[PDB]
Each structure stands twice: as structure tokens, then as C-alpha cells.
Amino acid sequence: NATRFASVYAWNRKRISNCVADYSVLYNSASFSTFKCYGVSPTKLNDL
Amino acid sequence: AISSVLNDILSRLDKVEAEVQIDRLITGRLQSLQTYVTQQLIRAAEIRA
Amino acid sequence: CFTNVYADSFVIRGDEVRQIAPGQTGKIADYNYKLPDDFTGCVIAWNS
């Protein structure tokens, strides 16, 4: 929920650290079409 | 496979996305045993002789 | 030939269609309707 995103050409980066990640918040949202992963399975993200 | 460590697959993937990775490690480790047991069987014949 | 056959009938939203595929996860697949990991059969669906 940033107000305005960057363009794909100039893509933004954030270092996320020293904090707790609860991806089940993101995965339990209906809001997304796309939530596809490539070295982990999304339900396991919380166990890690 | 995405790891050499069996638990690092089972702690990162679900019960379907893991099976392909695990079957790679089974195939590789099993062919490692068939190599070793072939070497040692053949070697045994040298010691027997 | 088929030994026994069960047709399971229900309605869902169009987006939630992919959750009916075997071994998926999501609000339907978690606590409404679920296929086993070694399911045999067909998921047949149409916009209603």
C-alpha cells in the first residue's frame, strides 16, 4: 500500500530486515490474482 | 534438487512440490549405492582370489 | 470401465476455480472442498 509505485524500467528496492514476516496475511488476502513462488511453497513461508 | 539436505527440501516445499526434488536425491543416492556395492563386490573377488 | 463413480456438485466464484485442482491450497481447498494428493478423476466446470 505505497501510494504510487515505480515504473518497471526504474524498479524500486526495499531491504526488509530485523522484523517478523507474516506472509499468511498476504496469502489469506483475496486481493491477488498472482502469488506464484520458485524456491519455497507459500504455506511453508511462515515456518521459516 | 534445490538442496543436498533432505530436511531443507521438506522444510521449504509442500507435499507435492517436494516429491520431484526428493526423487532426484533418491535417484542420485541410490545410484551412488549401486556404484559402491559394484566396486566392493568386484573388489571382494580380488580379496577372495 | 470404472469400479465406483461419484460426481461431486457445487458452485463457486470464477477466480476460485483453480483451487478445485488436486493438491492446491486456498479458502475453498482448506475448509470447503478438498481432493486427495493422489486424486484420480476430472474437474469439469462452466460459467453459470
# chains A, B, ... in the order shown; residues from 1 in each chain; ligands from 1

$ interface_residues --of "chain B" --to "chain A" --cutoff "10 Å" --atoms "only C-alpha atoms" --output "ChimeraX atom specification"
/B:2,9-18

$ select_by_dssp --residues "chain A" --states "alpha helix (DSSP H)" --output "NGL selection string"
:A and (23-28)

$ write_last_selection --atoms "C-alpha atoms" --output "compact mmCIF listing (two decimals), in the first residue's frame"
# COMPACT_ATOMS: atom_id res chain seq x y z
CA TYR A 23 3.11 -13.96 4.69
CA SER A 24 -0.17 -15.68 5.72
CA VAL A 25 -1.57 -12.12 5.90
CA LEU A 26 -0.68 -11.70 2.21
CA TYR A 27 -1.77 -15.24 1.23
CA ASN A 28 -5.09 -15.06 3.19

$ atom_distance --atom1 "CA of residue 19 (chain B)" --atom2 "CA of residue 32 (chain B)"
19.5 Å

$ interface_residues --of "chain C" --to "chain A" --cutoff "12 Å" --atoms "only C-alpha atoms" --output "PyMOL selection string"
chain C and resi 13-18+23-28+30

$ atom_distance --atom1 "CA of residue 3 (chain C)" --atom2 "CA of residue 32 (chain C)"
26.4 Å

$ closest_residue --among "C:42, C:22, C:6, C:12" --to "chain B" --atoms "only C-alpha atoms"
C:22
